[PDB]
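S.K.: Below is the sequence, then the experimental coordinates.
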Amino acid sequence: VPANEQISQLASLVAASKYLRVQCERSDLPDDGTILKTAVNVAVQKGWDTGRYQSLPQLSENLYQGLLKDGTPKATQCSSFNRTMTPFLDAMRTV
């Protein structure tokens, strides 16, 4: 997996997680910093180089802002993320 694909993938998970917390009232989820730390930890567990990740936090916020405006109704997006995000949310507990 190329380094570009790696960063984009982590940012997507962070964005989806913030979307759940803020838009889907998933108040059991932690702050952006903790979500970010979780993405970094997953990266380490995959053997990825977390030195090349400089553009992770801003990218995450940009993708989150993109979600808000992408035309998917909130209820639809929340139902979808709640269904599919379990493995990443599980990882967040260990953090």
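M.R.: Received, thanks. Numbering: from 1, shown residues only.

S.K.: thought residue 18 was touching residue 35?
M.R.: Yes - contact criterion Cβ atoms under 8 Å: residue 18 and residue 35 qualify, at 6.5 Å. Bear in mind the C-beta positions are built from the backbone N, C-alpha and C, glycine included.

S.K.: more crowded one of these two?
M.R.: Between residue 18 and residue 35, counting by other Cβ atoms under 10 Å, residue 35 is the more crowded of the two (25 against 22).

S.K.: Nearest spatial neighbour of the more buried one, chain-adjacent residues omitted?
M.R.: Leaving aside its sequence neighbours, residue 35 sits nearest to residue 17 (Cβ to Cβ, 6 or more residues apart in numbering; 4.7 Å).

S.K.: And for residue 27?
M.R.: residue 21 (6.9 Å).

S.K.: give me the element that neighbour is part of.
M.R.: Here residue 21 sits within helix 3-23, counting by DSSP states H and E.

S.K.: so how far is that helix off the chain centroid?
M.R.: 3 Å (Cα atoms, centre = their mean, to the nearest Å).

S.K.: Same question for that helix: list its buried residues.
M.R.: Neighbour-count burial for helix 3-23 flags 6-7, 9-21, 23 (criterion: 16 or more other Cβ atoms under 10 Å).

S.K.: ok, now stretch 79-95?
M.R.: Here stretch 79-95 shows 81, 85, 88-89, 92 as buried, counting by 16+ other Cβ under 10 Å.

S.K.: of the residues you listed, closest to residue 60?
M.R.: residue 88 (12.9 Å; Cβ to Cβ).

S.K.: do you know how far the closest one is from residue 51?
M.R.: Distance, residue 88 to residue 51, using Cβ to Cβ, to the nearest Å: 22 Å.

S.K.: What sits closest to the residue positioned nearest the centre of the chain if chain neighbours are left out?
M.R.: The centre of the chain sits closest to residue 14, judged by Cα atoms, centre = their mean, with a distance of 1.6 Å. Nearest non-adjacent residue to residue 14, counting by Cβ to Cβ, 6+ apart: residue 60, 3.8 Å away.

S.K.: element containing the one you found, please.
M.R.: Here residue 60 is assigned to helix 57-69, by DSSP H and E.
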